[PDB]
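These notes are about the structure you will find just below.
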Amino acid sequence: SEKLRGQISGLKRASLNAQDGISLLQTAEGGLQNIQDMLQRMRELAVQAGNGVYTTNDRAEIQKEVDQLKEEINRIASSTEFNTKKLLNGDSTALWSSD
Amino acid sequence: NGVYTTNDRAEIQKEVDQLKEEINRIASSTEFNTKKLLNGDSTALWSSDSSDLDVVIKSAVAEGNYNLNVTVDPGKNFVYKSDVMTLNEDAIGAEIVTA
Amino acid sequence: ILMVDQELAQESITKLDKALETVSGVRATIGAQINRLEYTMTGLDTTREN
Amino acid sequence: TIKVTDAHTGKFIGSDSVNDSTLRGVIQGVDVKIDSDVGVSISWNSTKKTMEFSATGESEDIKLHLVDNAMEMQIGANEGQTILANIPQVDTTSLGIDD
Amino acid sequence: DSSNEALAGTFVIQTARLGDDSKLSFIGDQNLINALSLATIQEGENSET
């Protein structure tokens, strides 16, 4: 009876632990969705440039927006958070340093 | 699980230590006609002179005194290493002043 | 027993299991003794009557 | 030409010859990037009015520190039954659109 | 070279007792612990009696 009671308690604990695990993956999936959505707009703006009627100034004008979108994507890469644990910024697998 | 930071485990450990103290108290609290039962006062009575020797009672003991001879062959210890430290960019730089 | 890092909970579980086993063994022994005493109770009264 | 060795015993681990200065697939799960201005000497030739590069002639040592920090989740009511999860790092540098 | 102090700008931590008695645990805030980022290079052994 004691062994069975202990097993029941452990089973219930693991049952909760599963969903506490799954929430984090859902959050990461959402972030990746947003990043992928931005990348295609970057691609279309890149492919627009190339038909040669444009001078050498509106190309820099386009470059401004490209750079600004790039810094946006860096911000969204570095902004993900859950319970003071940053996921996408390489903080879940390794930790490196050099001199 | 990892959903908890390094503080949740300590918060758990505090009340676990409280429970340990409570279980020790209930172990040492039983009494009947001024004769303690559970604290090894019904089977054996032991004592030693050095303050680094412990005795746990399971079944019937025999009698008498004993003399012990001890020989030791050592093992190893634990050694930890930290990361590398680096100076910020705002610092560094020598110059010539007149004060 | 310590739970500060993610390395000691397994040993904690093992220790708790074997502690439960020891307590169960002690209770079984005490139950055996009390049953034997209960059985030897009634013969005294029967012999008293006879 | 790059050769990597251990920092306490000296066992050879790997060697490589690269062109774009990226060390890939010798250390498990890491890619290493090195600057292009490492150990090269520059001089000028006025008689031919041209620049000339040359090798320094001495080797250069860089030391690297790396520690594991995977994702472990308890899924069972006993020992050993755990699940490992990892999230790769993503930014502009990893995606290779930084430049 | 070729010893425990082969790397500069690092902390080396040792204890004067042996066996499982010599394990040390660090607790604190997440950012400080992550910045420290300790690692294990030698693990202790028990003795023979």
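Order determines the names: the first chain of the structure tokens is A, the second B, and so forth; residues in each chain are numbered 1 upward, and ligands are numbered 1 upward as they are shown.
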Q: Can you check which residues of chain D have any atom within 10 Å of chain E? Use only C-alpha atoms and format it as JSON, numbers by chain.
A: {"D": [6, 7, 8, 9, 10, 63, 64, 65, 66, 67, 68, 69]}
For the residues in the current selection, export N, CA and C atoms as a PDB file, in the first residue's frame.
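Output (selection.pdb):
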```pdb
ATOM      1  N   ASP D   6      44.296  20.068 -26.261  1.00  0.00           N
ATOM      2  CA  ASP D   6      43.798  20.240 -24.903  1.00  0.00           C
ATOM      3  C   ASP D   6      44.740  21.127 -24.097  1.00  0.00           C
ATOM      4  N   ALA D   7      44.186  21.783 -23.076  1.00  0.00           N
ATOM      5  CA  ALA D   7      44.922  22.802 -22.340  1.00  0.00           C
ATOM      6  C   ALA D   7      45.586  22.290 -21.068  1.00  0.00           C
ATOM      7  N   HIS D   8      45.366  21.033 -20.684  1.00  0.00           N
ATOM      8  CA  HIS D   8      45.984  20.482 -19.486  1.00  0.00           C
ATOM      9  C   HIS D   8      46.850  19.260 -19.733  1.00  0.00           C
ATOM     10  N   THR D   9      46.552  18.456 -20.753  1.00  0.00           N
ATOM     11  CA  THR D   9      47.314  17.248 -21.039  1.00  0.00           C
ATOM     12  C   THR D   9      48.046  17.340 -22.371  1.00  0.00           C
ATOM     13  N   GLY D  10      47.396  17.859 -23.409  1.00  0.00           N
ATOM     14  CA  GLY D  10      48.043  18.066 -24.689  1.00  0.00           C
ATOM     15  C   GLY D  10      47.671  17.085 -25.778  1.00  0.00           C
ATOM     16  N   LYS D  63      43.182  30.992 -26.216  1.00  0.00           N
ATOM     17  CA  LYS D  63      42.626  29.979 -25.333  1.00  0.00           C
ATOM     18  C   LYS D  63      41.127  30.189 -25.173  1.00  0.00           C
ATOM     19  N   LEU D  64      40.386  29.084 -25.187  1.00  0.00           N
ATOM     20  CA  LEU D  64      38.932  29.110 -25.248  1.00  0.00           C
ATOM     21  C   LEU D  64      38.343  28.309 -24.098  1.00  0.00           C
ATOM     22  N   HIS D  65      37.296  28.854 -23.485  1.00  0.00           N
ATOM     23  CA  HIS D  65      36.598  28.206 -22.383  1.00  0.00           C
ATOM     24  C   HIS D  65      35.148  27.964 -22.781  1.00  0.00           C
ATOM     25  N   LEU D  66      34.653  26.762 -22.492  1.00  0.00           N
ATOM     26  CA  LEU D  66      33.323  26.361 -22.934  1.00  0.00           C
ATOM     27  C   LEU D  66      32.733  25.405 -21.908  1.00  0.00           C
ATOM     28  N   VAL D  67      31.491  25.659 -21.496  1.00  0.00           N
ATOM     29  CA  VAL D  67      30.820  24.842 -20.492  1.00  0.00           C
ATOM     30  C   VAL D  67      29.407  24.528 -20.968  1.00  0.00           C
ATOM     31  N   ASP D  68      28.948  23.315 -20.668  1.00  0.00           N
ATOM     32  CA  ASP D  68      27.610  22.891 -21.059  1.00  0.00           C
ATOM     33  C   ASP D  68      26.571  23.393 -20.064  1.00  0.00           C
ATOM     34  N   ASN D  69      25.467  23.914 -20.590  1.00  0.00           N
ATOM     35  CA  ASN D  69      24.365  24.384 -19.756  1.00  0.00           C
ATOM     36  C   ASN D  69      23.061  24.416 -20.545  1.00  0.00           C
TER      37      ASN D  69
END
```
List every residue of chain D that has an atom at most 10 Å from any atom of chain C, and for each one report the closest atom pair and its distance in Å to one decimal, counting only C-alpha atoms, with rows sorted by chain and then by increasing residue number, as a tab-separated table.
```
residue	atom	partner	partner_atom	distance
D:72	CA	C:6	CA	8.9
D:77	CA	C:13	CA	9.4
D:78	CA	C:10	CA	7.7
D:79	CA	C:10	CA	5.8
D:80	CA	C:10	CA	8.3
```
Proximal residues of chain B relative to chain C (only C-alpha atoms; 12 Å) as a compact mmCIF listing (two decimals) with C-alpha atoms, in the first residue's frame:
```txt
# COMPACT_ATOMS: atom_id res chain seq x y z
CA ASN B 1 12.43 20.21 -13.44
CA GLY B 2 13.98 23.28 -14.90
CA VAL B 3 11.30 25.94 -14.74
CA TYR B 4 12.56 27.06 -11.33
CA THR B 5 15.42 29.47 -10.74
CA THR B 6 18.01 28.92 -8.01
CA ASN B 7 15.68 30.51 -5.42
CA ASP B 8 12.67 28.18 -5.67
CA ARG B 9 14.83 25.21 -4.69
CA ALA B 10 16.04 27.09 -1.60
CA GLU B 11 12.45 28.02 -0.73
CA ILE B 12 11.65 24.30 -0.88
CA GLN B 13 14.74 23.39 1.16
CA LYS B 14 13.78 25.73 4.01
CA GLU B 15 10.50 23.98 4.79
CA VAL B 16 12.08 20.58 4.14
CA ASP B 17 14.60 21.39 6.88
CA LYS B 20 13.39 17.31 9.32
CA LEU B 38 12.46 5.14 20.61
CA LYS B 58 19.90 -2.15 15.30
CA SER B 59 19.74 -5.41 17.29
```
Min atom-atom distance to chain E from the set C:23, C:8, C:16, C:34, counting only C-alpha atoms, belongs to C:8
**OP:** Using only C-alpha atoms, determine which residues lie at most 9 Å from range 76-78 of chain B, disregarding the query and same-chain residues fewer than 5 positions distant; provide the list as a ChimeraX atom specification.
**Re:** /E:13-24,40-47
Please find the residues of chain A near chain C - the criterion being any atom within 12 Å, counting only C-alpha atoms - and write them as a list in words.
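Every residue meeting the condition is included here: residues 1, 2, 3, 4, 5, 6, 7 and 10 of chain A.
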Report task. Find the spatial neighbours of residue 71 in chain A, counting only C-alpha atoms, within a cut-off of 12 Å - ignore same-chain residues fewer than 2 positions away - and output them as a ChimeraX atom specification. Result -> /A:38,64-69,73-78 /D:91-93,97-98
For those residues, write C-alpha atoms to a file as a compact mmCIF listing (two decimals), in the first residue's frame.
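Output saved as again.txt:
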```
# COMPACT_ATOMS: atom_id res chain seq x y z
CA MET A 38 9.88 39.54 -41.16
CA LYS A 64 18.29 52.52 -44.60
CA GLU A 65 15.08 50.52 -44.18
CA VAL A 66 16.95 47.23 -44.60
CA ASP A 67 19.37 48.14 -41.80
CA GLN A 68 16.51 49.27 -39.58
CA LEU A 69 14.64 45.99 -40.13
CA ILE A 73 15.25 41.39 -35.95
CA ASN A 74 18.26 41.53 -33.63
CA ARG A 75 16.10 43.13 -30.92
CA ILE A 76 13.42 40.45 -31.24
CA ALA A 77 16.12 37.77 -31.15
CA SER A 78 17.52 39.22 -27.92
CA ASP D 91 20.65 36.00 -34.63
CA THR D 92 21.92 37.88 -37.67
CA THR D 93 25.42 36.44 -37.25
CA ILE D 97 23.12 37.86 -43.26
CA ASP D 98 25.16 40.13 -40.99
```
Correct to one decimal, the distance CA of residue 62 in chain D-CA of residue 89 in chain A is 24.5 Å
- Pick out the chain E residues within 10 Å of chain C. Count only C-alpha atoms. Give them as a list in words.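 Only these qualify: residues 25, 26 and 27 of chain E.
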Discussion item. As number ranges by chain, please: every residue in chain D that DSSP puts in strand (DSSP E or B).
Written reply: D: 2-5, 12-16, 22-24, 31-33, 40-45, 50-55, 64-68, 71-74, 82-85
Please list as number ranges by chain every residue within 9 Å of range 35-49 of chain D, counting only C-alpha atoms and excluding residues in the same chain fewer than 3 positions away. D: 21, 52-60
- Message: Using only C-alpha atoms, I'd like every residue of chain B that has an atom within 6 Å of chain E; please write them out as a ChimeraX atom specification.
- Response: /B:71-85
Checklist line | helix (DSSP H, G or I) residues, from DSSP on the backbone, in chain A, as a VMD selection string | finding: chain A and resid 2 to 48 58 to 78
Distance criterion (only C-alpha atoms): nearest to chain A out of B:65, B:30, B:47, B:86: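 Smallest separation from chain A among the options: B:86.
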re CA of residue 94 in chain D and CA of residue 24 in chain D: distance 13.1 Å
Of A:60, A:88, A:45, A:95, the one sitting nearest chain B when using only C-alpha atoms is A:95
Sorted per-residue table, chain A near chain B, closest atoms and distance, 8 Å, only C-alpha atoms, as JSON lines:
```
{"residue": "A:17", "atom": "CA", "partner": "B:1", "partner_atom": "CA", "distance": 7.3}
{"residue": "A:20", "atom": "CA", "partner": "B:3", "partner_atom": "CA", "distance": 7.4}
{"residue": "A:21", "atom": "CA", "partner": "B:3", "partner_atom": "CA", "distance": 7.5}
{"residue": "A:83", "atom": "CA", "partner": "B:3", "partner_atom": "CA", "distance": 7.4}
{"residue": "A:84", "atom": "CA", "partner": "B:5", "partner_atom": "CA", "distance": 7.9}
{"residue": "A:97", "atom": "CA", "partner": "B:84", "partner_atom": "CA", "distance": 6.5}
{"residue": "A:98", "atom": "CA", "partner": "B:84", "partner_atom": "CA", "distance": 6.5}
{"residue": "A:99", "atom": "CA", "partner": "B:84", "partner_atom": "CA", "distance": 6.5}
```
Based on the selection just made, write N, CA and C atoms of those residues as a PDB file, in the first residue's frame.
```
ATOM      1  N   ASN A  17       4.161  18.258 -14.408  1.00  0.00           N
ATOM      2  CA  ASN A  17       5.449  18.686 -14.945  1.00  0.00           C
ATOM      3  C   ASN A  17       5.434  18.743 -16.465  1.00  0.00           C
ATOM      4  N   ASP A  20       3.902  22.143 -17.559  1.00  0.00           N
ATOM      5  CA  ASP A  20       4.865  23.194 -17.226  1.00  0.00           C
ATOM      6  C   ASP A  20       6.050  23.180 -18.187  1.00  0.00           C
ATOM      7  N   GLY A  21       6.392  22.007 -18.721  1.00  0.00           N
ATOM      8  CA  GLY A  21       7.397  21.959 -19.771  1.00  0.00           C
ATOM      9  C   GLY A  21       6.915  22.523 -21.098  1.00  0.00           C
ATOM     10  N   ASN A  83      10.372  33.517 -17.241  1.00  0.00           N
ATOM     11  CA  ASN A  83      10.809  33.218 -15.877  1.00  0.00           C
ATOM     12  C   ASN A  83      12.296  33.517 -15.695  1.00  0.00           C
ATOM     13  N   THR A  84      12.712  34.687 -16.182  1.00  0.00           N
ATOM     14  CA  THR A  84      14.109  35.126 -16.146  1.00  0.00           C
ATOM     15  C   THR A  84      15.041  34.099 -16.785  1.00  0.00           C
ATOM     16  N   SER A  97      33.397  31.523 -23.599  1.00  0.00           N
ATOM     17  CA  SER A  97      34.162  32.719 -23.271  1.00  0.00           C
ATOM     18  C   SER A  97      35.579  32.560 -23.801  1.00  0.00           C
ATOM     19  N   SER A  98      36.234  33.695 -24.040  1.00  0.00           N
ATOM     20  CA  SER A  98      37.620  33.727 -24.482  1.00  0.00           C
ATOM     21  C   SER A  98      38.254  35.019 -23.985  1.00  0.00           C
ATOM     22  N   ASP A  99      39.572  35.129 -24.152  1.00  0.00           N
ATOM     23  CA  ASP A  99      40.307  36.289 -23.660  1.00  0.00           C
ATOM     24  C   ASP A  99      40.700  37.263 -24.763  1.00  0.00           C
TER      25      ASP A  99
END
```
